[PDB]
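In what follows, a single structure is set out as structure tokens and then discussed.
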Amino acid sequence: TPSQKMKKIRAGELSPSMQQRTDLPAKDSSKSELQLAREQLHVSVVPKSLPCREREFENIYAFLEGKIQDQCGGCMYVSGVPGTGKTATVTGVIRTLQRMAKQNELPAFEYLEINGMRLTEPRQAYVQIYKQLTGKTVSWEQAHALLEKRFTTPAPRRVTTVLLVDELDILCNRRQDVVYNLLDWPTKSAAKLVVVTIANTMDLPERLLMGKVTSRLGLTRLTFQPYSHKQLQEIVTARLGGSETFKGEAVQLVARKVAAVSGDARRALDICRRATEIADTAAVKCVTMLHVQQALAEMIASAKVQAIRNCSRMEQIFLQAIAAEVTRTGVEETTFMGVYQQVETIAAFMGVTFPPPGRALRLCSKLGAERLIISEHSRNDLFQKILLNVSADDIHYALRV
Amino acid sequence: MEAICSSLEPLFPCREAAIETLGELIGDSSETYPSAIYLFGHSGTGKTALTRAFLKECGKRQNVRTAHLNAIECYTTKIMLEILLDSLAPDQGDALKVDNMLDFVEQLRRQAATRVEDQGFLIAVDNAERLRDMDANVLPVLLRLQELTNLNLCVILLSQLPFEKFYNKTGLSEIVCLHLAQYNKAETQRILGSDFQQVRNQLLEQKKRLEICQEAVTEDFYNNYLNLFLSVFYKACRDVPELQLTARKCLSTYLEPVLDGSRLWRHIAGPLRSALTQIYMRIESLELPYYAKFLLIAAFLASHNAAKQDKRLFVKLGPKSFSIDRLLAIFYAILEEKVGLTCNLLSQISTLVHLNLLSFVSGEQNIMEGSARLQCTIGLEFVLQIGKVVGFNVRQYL
Amino acid sequence: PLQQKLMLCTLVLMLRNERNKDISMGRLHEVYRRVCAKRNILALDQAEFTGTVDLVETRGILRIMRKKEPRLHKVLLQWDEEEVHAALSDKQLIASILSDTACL
Amino acid sequence: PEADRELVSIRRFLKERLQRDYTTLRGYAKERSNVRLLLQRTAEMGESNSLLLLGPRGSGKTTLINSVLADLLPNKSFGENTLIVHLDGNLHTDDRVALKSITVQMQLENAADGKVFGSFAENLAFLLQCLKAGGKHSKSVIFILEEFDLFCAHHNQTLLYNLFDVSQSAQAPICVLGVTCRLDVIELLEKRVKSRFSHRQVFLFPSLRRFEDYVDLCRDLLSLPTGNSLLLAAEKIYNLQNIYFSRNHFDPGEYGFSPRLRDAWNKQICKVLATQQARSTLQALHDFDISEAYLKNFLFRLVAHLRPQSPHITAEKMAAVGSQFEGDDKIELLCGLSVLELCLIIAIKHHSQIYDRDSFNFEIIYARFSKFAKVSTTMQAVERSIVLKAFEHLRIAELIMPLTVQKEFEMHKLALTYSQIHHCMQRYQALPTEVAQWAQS
Amino acid sequence: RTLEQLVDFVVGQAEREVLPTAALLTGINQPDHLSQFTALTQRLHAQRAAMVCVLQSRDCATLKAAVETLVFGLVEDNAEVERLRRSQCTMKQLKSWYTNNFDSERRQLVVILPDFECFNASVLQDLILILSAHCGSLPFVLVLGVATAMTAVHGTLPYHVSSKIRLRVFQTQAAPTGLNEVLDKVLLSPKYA
DNA sequence: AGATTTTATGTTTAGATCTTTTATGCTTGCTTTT
Ligand SMILES: Nc1ncnc2c1ncn2[C@@H]1O[C@H](COP(=O)(O)OP(=O)(O)OP(=O)(O)O)[C@@H](O)[C@H]1O
Ligand SMILES: Nc1ncnc2c1ncn2[C@@H]1O[C@H](COP(=O)(O)OP(=O)(O)OP(=O)(O)O)[C@@H](O)[C@H]1O
Ligand SMILES: Nc1ncnc2c1ncn2[C@@H]1O[C@H](COP(=O)(O)OP(=O)(O)OP(=O)(O)O)[C@@H](O)[C@H]1O
Ligand SMILES: [Mg+2]
Ligand SMILES: [Mg+2]
Ligand SMILES: [Mg+2]
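Next up, the structure:
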């Protein structure tokens with residue numbers, strides 16, 4: 519019966535196994551050097567010690583070591599744009615603290631962790647934190663009551679517990695009860711909780727948290743700045759090891775054109791993998807700079823001029839006449855009727871006949887499904903509004919040069 | 001595909017081209033079907049009856065599973081999926097259950113069989129114009145149900161509108177458009193004259213009149229009568245069922261001089284121009322209380338006389379809005395008797411509103427606060443009739 | 557990042573030159589492409605420009621009022637330009653962009 | 002008769018090829034090679050990738066994915082070391098429906114014969130715990146998210162954030178593969194979800210913008226293939242059916263044409279497509295929409311007309327189906343109206359031409375009609391109620407649309432250009448001369 | 074007299094597409110006519126000729142609620158002649191119930209609409225199109241209660257909706273005539289003190 | 001060792017909320033005929 523399976527799942531007594539491969543994975547020594555760089559360059563392979571994040575490592579390490587040794591509890595808020603080494607640094611600090619507590623240089627501590635985007639509801643965090651404690655799956659009300667019984671009541675020998683919370687802005691909602699509980703539990707003396715909260719926006723406690731929640735979040739804070747031109751080069755040359763499969767100018771061009779956009783490290787580690795895959799099909803064993811230029815042009819794509827050049831001729835006449843009506847009437851939003859009149863003018867100039875308006879609505883629907891233009895549902899023909907989504911100069915660049 | 005068109009053509013005169021196109025696209029079940037067909041036309045063009053007779057003949061003659069729908073019935077998508085799978089998965093009983101669009105696609109994927117038996121499926125959706133008003137994932141899935149279910153099915157759609165009305169923001173898959181043209185006068189005469197044996201039998205079961217009718221009710225007589233009928237009635241309507249239901253009554257009036265002993276056209280053209288004024292009305318004086326009559330003509334003057342003219346008429375575009383106190387002021391000005399403001403008078407105001415003699419153009423939520431705006435919704439001739447029965451001459455105040 | 561610098565300079569230019577502060581993402585991107593063309597450096601496409609403006613939004617420099625379509629989103633500056641000039645720390649570039657009225 | 006049956010075999014063959022050829026892919030060499038090497042590296046080396054097919058609707062994206070899966074699946078390595086999870090944005094309208102479908106298709110322990118137990122939160126927790134519990138020793142999942150832009154519309158984009166994050170993590174080697182028609186799907190993503198996406202993108206613009214490629218495509222779609230190609234195609238389809251579309255695919259071994267029949271058919275097809283009339287029909291068809299679904303729709307309407315009395319395709323048949331395609335379908339509705347509704351539309355056209363497209367009303371149009379009807383000498387007899395029912399008959403065809420009040424006073428808009436009414440004036444049958452004179456002035 | 078004519082109309086439809098339908102030009106005094114429609118249901122049940130639903134305007138704000146109260150009224154009326179939840183009384187369940195019961199014998205499915213003037217127009221037109229879609233499979237009869245005049249019926253029914261209507265007009269006697277009859281035969285009777 | 005309410009839980013749909021945007025209306029300030 520299924521109910522015994524669900525009871526063994528909710529009690530945690532069966533581990534959720536995944537199916538194993540029929541065939542064994544290939545041995546490491548059969549790999550090419552370019553494949554070795556392709557697998558060292560994967561974003562999932564976190565280094566044991568992160569380059570160019572030593573200052574933030576010392577900051578989070580000093581905070582967590584002081585909160586653990588003082589047995590007091592508290593809270594911290596780290597923030598920054600995605601791909602800047604936030605969660606990797608926090609888990610590296612926590613792994614270093616666990617390695618130190620294993621050798622009895624530090625007091626032992628529990629390490630709970632959650633993430634706000636793995637929860638369907640903000641209150642489901644109560645289900646998950648308790649699942650990192652006892653392992654039972656229970657309802658969020660009973661889990662919140664048991665967590666309050668654990669944290670509000672002094673029960674020696676209570677051990678220190680560090681609750682990392684990624685994705686803090688998803689847990690907010692309007693009532694903000696969950697984030698208030700998670701930041702209010704450390705303030706009680708009986709709970710030794712040290713909650714760290716990772717988020718993207720710098721101004722989150724003032725922008726969307728309540729005043730008491732911002733007051734509980736405190737003034738200790740850390741900001742992960744975007745990677746510069748040089749740190750992105752140090753990251754990729756640390757990932758490659760001593761291998762010369764990448765040219766140094768190729769990594770310099772990847773870092774120079776990724777740091778100018780975002781400062782994300784995942785973009786550099788993905789563009790270098792695509793450059794390795796491009797160099798693999800050319801049967802070269804060094805990733806020369808034009809392979810990096812091809813991978814950069816592929817992964818920072820701008821394929822709308824190709825879409826306008828690949829459109830059918832009546833759709834190109836339609837794309838000319840929408841920009842013509844925008845230039846004529848001045849306002850950016852045009853009705854289909856004046857667009858069709860400019861269509862008849864341009865088609866009378868070019869000499870081809872144009873399809874009747876019931877087929878011009880099919881052309882407008884195709885351009886609006888391709889998102890070359892923004893357009894309404896077709897049920898209100900001749901009065902539907904047609905925004906131009908592509909820029910007006912891109913159409914002339916496509917249909918002239 | 002030949003037997004179906006041969007079996008539908010006697011039932012449907014002047015539709016040999018549409019029946020030929022339907023029997024080429026979805027006639028044989030061994031041949032693969034187009035992914036969707038959309039035939040369209042006016043009212044009375046005969047598309048519901050044509051797809052019903054076609055689906056019935058294909059289901060009786062061949063292996064196909066047919067499913068006819070009316071999309072007005074499907075206020076939620078679950079109703080449509082449950083009826084569609086009740087027809088395409090027969091004898092499932094009350095154990096049938098469909099949660100959403102995905103369960104419908106999976107249970108239709110289970111219905112696939114071997115290619116030797118050459119099974120097919122057919123889905124007709126009458127009133128398909130309502131499909132664009134619902135969940136906005138029903139129509140795109142219905143236009144590619146064959147690709148999704150991996151199954152030899154065509155989804156016919158039926159509407160009074162062209163398919164140019166049906167495109168959405170996300171686009172649509174390809175469809176085979178088909179047009180049912182409405183008939184001209186000659187084909188309409190052939191269609192009205194195709195039921196001649198039925199009306200001849202109906203007269204022969206209804211005794212000198214029996215022999216004098218059966219010796220003179222031959223095919224040229226009914227054709228000349230239908231020519232005299234369509235010479236006057238085709239200007240107002242091309243709708244074939246309306247022409248049938250009026251032409252039978254007009255023949256019942258027309259036939260009398262023949263039974264009683273050209274030379275017919277004037278005697279019918281009297282009544283024939285009277286039946287022309289009763290077209291679309293399918294038929295086979319509002320008494321009121323006295324103070325309700327005065328309230329109704331006061332509301333007509335309030336909606337017809339504008340706000341500025343009351344000061345000159347009573348101190349002694376469209377219909378205008380009026381507040382209830384303006385109605386009571388005009389009612390007391392035209393009453394010249396001065397009854398008290400009892401409960402029954404304002405109750406007459408509310409029950410004139412409930413009969414759609416007045417209307418609530420705004421307000422509604424606050425009738426009592428004085429922010430309500432009413433609008434009289436009757437014609438002038440009813441007001442003049444009420445003023446005749448009452449004795450209040452309305453035209454003095456207009 | 558340099559593209560975020562160009563976006564902030566074009567937004568400061570459009571806010572200074574125009575009485576109507578209803579700046580859309582498309583109306584800003586069409587000026588940003590002309591500014592990148594006159595600087596002789598490659599411009600981002602609109603799909604990458606939306607993510608660039610979203611990354612500038614996390615610093616609190618901007619606020620994006622969402623609309624039905626990504627082109628129709630309304631950028632709203634939330635710093636004064638005297639703070640934006642000290643934050644960009646590239647006065648030789650901002651002096652070139654803000655003196656570039658003809659590219660609007 | 003043998004000649005009556007060879008045409009039936011040719012017609013069933015051509016129809017089955019135009020409708021059910023789910024894996025054959027013309028064109029896209031480098032793009033198919035990119036998708037194939039990416040899925041092959043995910044299945045063999047355990048790399049966690051992600052990909053995003055892009056292009057106009059009607060280009061072969063689903064056909065490209067089916068071609069790559071059909072050539073990878075019978076390898077007895079990709080088929081044993083990789084489980085495939087299709088998802089569709091039109092059927093999986095919510096995250097929990099897609100999550101129950103993921104739990105079923107991966108055959109997780111809590112699935113049990115297609116009825117997943119537990120809540121949406123328990124399903125997400127069990128799926129993420131099964132994925133975290135795996136590694137390089139575990140089987141590779143290949144997610145295939147058709148209509149990816151509808152998956153972007155879900156709450157928090159939460160399922161997308163999970164599906165990318167496993168690809169960013171040292172867990173089970175999954176390969177997310179979106180397929181969508183929008184060219185700017187990537188700006189719909191949240192910045193966290195956009196960061197975890199690997200920005201490689203494959204655009205599938207059709208390779209037949211040139212007219213000669215369109216004529217070669219229309220020739221290859223109608224020609225009968227050589228019989229050894231039927232043997233190799235039936236061999237590949239049998240290989241993909243020994244191990250989803252394979253229950254109802256092409257199966258071209260059912261049909262085996264004689265060499266004289268294939269030679270006469272390909273001769274007639276080349277002779278028809280060499281003519282100027284068939285090339286002009288294909289030129290107008292290519293001028294409207296170049297996508298292959300449009301040409302396959304036109305060719306299905308063409309192949310469906312092969313009666314035994316007329317075995318051959320001819321240029322006049324293609325011209326007839328092309329004349330069927332290009333005609334306006336609102337003029338064909340205007341010609342079906344009776345003379346009273348046509349007089350109402352002429353009064354509406356006069357009110358629109360005079361007042362410069364101002365919104366009208368039933369009362370204004372009935373007054374403008376009665377001013378003609380008093381001297382029309384054929385329209386004197388109509389009641390106001392018949393003209394009102396004719397106005398409602400105009401309204402239900404959406405030739406008149408409300409501005410979005421009594422039904423006789425509601426404001427309205429004409430849904431027609433004046434040229435459509437002017438062409439209705441010439442295409443109308445048995446139009447009285449009084450209406451034809453009133454329409455001019 | 075009008076009761077015998079309406080019962081003869083329903084039985085004549087039972088002896089036998095457009096739905097047959099009978100406008101009943103009743104007076105302004107709407108509450109009084111519930112006894113008339115109740116006597117019609119009593120006669121139709123006593124003859125075993127039909128089963129009757131009664132659609133009040135308060136029960137039918139939307140097409141969904143109208144279909145639910147219609148099917149629930151027909152099934153519970155048949156149950157009361159000789177309880178499913180209102181969420182599941184689909185028209186498909188009405189067809190399955192009619193096939194399980196009366197296909198072996202035809203009872204009419206009379207649908208009284210006593211307050212025709214009070215209805216939403218779009219809900220009423222969609223309901224008439226729904227009942228017209230099921231003709232042949234389900235024998236429907238649609239008697240109405242028009243307090244005003246037949247011009248209201250011709251106004252609220254558009255060209256498409258009146259294409260599927262075969263209505264017949266019955267006339268209830270005038271309210272002042274009923275007042276005069278009551279005042280002469282009751283309040284002026286010798287037998288009351 | 002199996003059937004029945006009983007209860008606790010999750011989903012879904014109708015209603016409260018936030019926010020923009022648009023409009024008639026409430027009042028003002030002249031404006032102008034009798
Ligand atoms: N300084 C660095 N040195 C080496 N690798 C890095 C560095 N920073 C980032 N990476 C790589 O990029 C990935 C970034 O993941 P991480 O979890 O740090 O991102 P994040 O900032 O938490 O993103 P988000 O804010 O969207 O959650 C890591 O897997 C790591 O492999
Ligand atoms: N060509 C024809 N020959 C004979 N009868 C016809 C023909 N066309 C229509 N009819 C008759 O029209 C009647 C009903 O037409 P039908 O209801 O199919 O029109 P419709 O298009 O469904 O109308 P609507 O679009 O308003 O629902 C049928 O009883 C049928 O007998
Ligand atoms: N390159 C191609 N090779 C073979 N057939 C093609 C190709 N492109 C399009 N087609 C044909 O076009 C029709 C539709 O193609 P397909 O189903 O691949 O489009 P799609 O990718 O599903 O589009 P969308 O996903 O936007 O609906 C199919 O019948 C297919 O035979
Ligand atoms: Mg993180
Ligand atoms: Mg119909
Ligand atoms: Mg597809």
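Residue numbers (the authors' numbering), protein chains in the order written: chain A, 519 to 919; chain E, 1 to 206, 211 to 265, 273 to 295, 318 to 349, 375 to 456; chain G, 557 to 660; chain D, 2 to 244, 250 to 410, 420 to 456; chain C, 74 to 89, 94 to 159, 177 to 199, 202 to 289. We put the CB at the ideal spot given by N, CA and C, even for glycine.
Under the three-state reduction of DSSP, which class applies to residue i: helix, strand or coil?
| i | result |
| --- | --- |
| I425 of chain E | coil |
| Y595 of chain A | strand |
| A99 of chain C | strand |
| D89 of chain D | strand |
| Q648 of chain G | helix |
| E557 of chain A | helix |
| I891 of chain A | strand |
| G85 of chain C | helix |
What I want to know is whether the C-beta of residue i ends up closer than 6 Å to one or more non-hydrogen atoms of ligand 6.
| i | result |
| --- | --- |
| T63 of chain D | yes |
Report whether the distance from the Cβ of residue i to the nearest heavy atom of ligand 1 is below 6 Å.
| i | result |
| --- | --- |
| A606 of chain A | yes |
| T602 of chain A | yes |
| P565 of chain A | yes |
| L758 of chain A | no |
Ligand 4 and residue i: does any heavy atom of the ligand fall closer than 6 Å to the residue's C-beta?
| i | result |
| --- | --- |
| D684 of chain A | yes |
CB of residue i to nearest heavy atom of ligand 2: below 6 Å?
| i | result |
| --- | --- |
| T566 of chain G | no |
| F166 of chain E | no |
Which residues share a DSSP beta bridge with residue i?
| i | result |
| --- | --- |
| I261 of chain C | C:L96 |
| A127 of chain C | C:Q204 |
Any contact of the stretch 197–213 of chain D with the stretch 777–796 of chain A, i.e. 3+ C-beta pairs under 8 Å?
-> yes
Say whether the stretch 210–221 of chain C touches the stretch 115–130 of chain C, bearing in mind that this needs 3 or more beta-carbon pairs closer than 8 Å, one atom from each stretch.
-> no
Do the stretch 238–252 of chain C and the stretch 403–422 of chain E meet, that is, are 3 or more Cβ pairs less than 8 Å apart?
-> yes
Give a yes or no on contact between the stretch 85–93 of chain D and the stretch 144–153 of chain D, applying the rule of three or more CB pairs nearer than 8 Å.
-> yes
Hey, which residues come within less than 6 Å of ligand 5, measuring from Cβ to any heavy atom, in chain order?
-> Screening all residues for a C-beta within a distance smaller than 6 Å of any heavy atom in ligand 5 leaves E:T48 and E:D126, in chain order.
Do the stretch 436–445 of chain D and the stretch 332–344 of chain D meet, that is, are 3 or more Cβ pairs less than 8 Å apart?
-> yes
On the three-pair Cβ rule with 8 Å, is the stretch 176–189 of chain D touching the stretch 53–65 of chain D?
-> yes
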